[PDB]
């Protein structure tokens, strides 16, 4: 959205879109955690109908505003709510996806399994479930507390204070912005991450099976040093 450099959201909106589109089957897709449409609008540019779920009202409001002004806004269907509770009806989708750690916003393994399962049940035959998550091995997370520089601007610095518990597999952090004036903005967040093999087992429990894993949306080889992965799951035979 606004934040510059590494402080902003991952600059791969376009690539995510292409990726999902290629899996879309000219039919409609569901984005879990659609925010302000970082992936949804590029999707709309490729002629893909995107229903987007988002729990943050201020964010969804913005998506709606931008949609009104977007040449292809009409391909974007904003859905306000908590995914676990929304009744999406008889609607099925060709692709359900969750970009930039959205799945890991659910603060436990059981919640994540449940989520994968709701997504499974919304797929049409042959549909896929796609997630993009931090890859703990490649991310080399230190145990305990850390503090680091995220990005610099002429008149502000973006920093991060973080707490990592490698046993519970949680991260709790503030994104911090300090400004020349003396202003300070804190943006708290929390993740529970999964390791790839744990994640794959969760998917099985949820009735899903892994069909492919990459490091990123351009399909680069995934390996131990990959900071992220993009995983694609199908319903199990």
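Residue numbers count along the first chain shown, from 1.
J.: With reference to the PDB entry, specify whether the mean Cα temperature factor is higher for 156 to 164 or for 118 to 126.
T.: Mean C-alpha B-factor is greater for 118 to 126.
J.: Check the entry's C-alpha temperature factors for 189 to 197 and 25 to 33, then say which stretch has the higher mean.
T.: Here the higher of the two C-alpha B-factor means belongs to 25 to 33.
J.: Among 53, 46, 176, 202, where is the Cα temperature factor highest, going by the PDB entry?
T.: If I rank 53, 46, 176, 202 by C-alpha B-factor, first place goes to 46.
J.: From 171, 60, 206, 39, can you pick the one with the highest C-alpha B factor in the entry?
T.: Out of 171, 60, 206, 39, the record gives the largest C-alpha B-factor to 60.
J.: Where does residue 142 sit by CA temperature factor within its chain: lowest, middle or highest third?
T.: Tercile = middle for this residue's CA B-factor.
J.: State the tercile, meaning the lowest, middle or highest third, of residue 227 with respect to the CA B-factors recorded for its chain.
T.: It falls in the middle third of the chain.
J.: Determine, from the deposited record, the chain-internal third of the Cα B-factor for residue 219: lowest, middle or highest.
T.: Ranked within chain, residue 219 CA B lands in the highest tercile.
J.: Per the entry's values, where does residue 133 land by CA temperature factor relative to the rest of its chain, in the lowest, middle or highest third?
T.: Middle third, going by the recorded CA B-factors of the chain.
J.: Considering every modelled residue of the chain and its Cα B-factor in the PDB entry, is residue 78 in the lowest, middle or highest third?
T.: It falls in the middle third of the chain.
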